[PDB]
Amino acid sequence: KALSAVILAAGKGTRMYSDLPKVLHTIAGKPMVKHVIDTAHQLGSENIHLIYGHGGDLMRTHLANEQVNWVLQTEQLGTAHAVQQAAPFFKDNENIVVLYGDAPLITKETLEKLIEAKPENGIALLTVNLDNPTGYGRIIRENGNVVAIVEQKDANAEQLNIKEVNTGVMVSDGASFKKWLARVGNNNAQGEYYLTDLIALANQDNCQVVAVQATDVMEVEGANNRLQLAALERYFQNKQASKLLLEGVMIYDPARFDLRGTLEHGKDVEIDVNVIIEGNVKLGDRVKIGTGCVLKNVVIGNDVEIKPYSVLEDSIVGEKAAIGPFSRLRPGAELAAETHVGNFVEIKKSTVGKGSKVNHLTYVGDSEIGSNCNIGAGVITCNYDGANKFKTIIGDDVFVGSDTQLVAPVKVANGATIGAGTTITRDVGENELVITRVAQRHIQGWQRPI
């Protein structure tokens, strides 16, 4: 049968001490709630009902593009009251999974096992074993089925030793949710309508409640502060790195590796310590990444070596190219195959042709460089004052001498040669040699003040 998801995300998150609502704080560069919405989407949810309240405006701006049904809960009357806000949109013959925006590491595989175990007209309750279950609702099984969730304050000596506890995550059909939520009361110390009470209501109706144990505790762990958030981040990062290592990526130290998006990789990829991968990154075969690199939204061809402390963003690098150390690729940098980018070099919105080298103390911006060019140390592409970034065009096999200024708009045709310390403001012809005529004063017997 069909499936829809409900995500609780109305929490203030007071203990984060932030202007952001609780669920917008990120895990691996992504808001906590976005992990949940994506997991719900990978399950095949027709609808994803997002229960929101605190920081409504911020939720809407940060999650504007999410395919969710925005359900405002004006008052936090309890988790059952929150689910009931979305209940008029539940299809009677569809399954509904209840998730929490601040417990983001819940897996598609655990939820699939939970949905699968759900008995007809009953509930599938997600449970977990804790070494210290103190404070949590103990799961009581009788004839294999969950008969009660016994709270810490109510449990007897024997029940206190039960390690299996309630996570709040559950699956039931829409009609059963509509029916039971209308029957939840708030007669307890907190005066709240608890979704927990649906287990007692199911048993009252002689409907079966089946327990499904989660793989890891960290999957159901919520973050109430930035310390807990950091623990979720380390667990998530270690999980991503282990999957990569088992896929054949040589990550020198999985404890000093960060993936904040997606990684597509070839075989024999080597990633040194303190590397950060952001957005959508694709590495070809035998790519080597040196210590301290940051790759954001990049495409790296086969056999590329990125030497230490290189920062690349919205760039493309061709096969056998050599980058770094200390290279900066800014958005629009397109390096063809067998290119060379060295230390203290900045490339921005420029194309660099096959075999070309830009190895030292250079700025290349809004330029087109052909194949087999030699861009000398200290070369800078610049503009006139009041200009609107006008473009530098360099053809094939051009030599640009050290410390030359290329003043855009300007073209340098194939095979041209530019001498060191030149100011290029006018177009250079095919095979034109341009050298600066220097005037110098020479004074003999100049005794230095030493």
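In case it trips you up, residue 1 is the first one in the sequence shown, and so on. The term rigid core refers to the most C-alpha atoms you can superpose between the two forms while keeping them within 1.5 Å.
Between 92 to 100 and 315 to 323, the larger mean CA deviation from the shown form in 8 other deposited structures of this protein, after core superposition, belongs to 92 to 100. Superposition on the core shows that, in 8 other deposited structures of this protein, the C-alpha atoms drift more in one of 409 to 417 and 384 to 392; this is 384 to 392. As recorded in the PDB entry, 109 to 117 is the stretch of 109 to 117 and 343 to 351 with the greater mean C-alpha temperature factor. Set 226 to 234 against 138 to 146 and average the Cα temperature factors; 138 to 146 ends up higher. Residue set 302, 73, 367, 315: peak C-alpha B-factor at 73 (per PDB entry). The residue among 338, 154, 102, 270 whose C-alpha atom has the highest B-factor in the PDB entry is 154. Sorting the modelled residues of the chain by their CA temperature factor places residue 35 in the lowest third. In the deposited entry, the Cα temperature factor of residue 2 sits in the top third of values across the chain's modelled residues. Compared with the other modelled residues of the chain, the Cα B-factor recorded for residue 187 ranks in the middle third. In the PDB entry, a CA B factor belonging to the lowest third of its chain's modelled residues is recorded for residue 263.
Remark: residue 90 belongs to the highest third of its chain, ranked by C-alpha B-factor as recorded.
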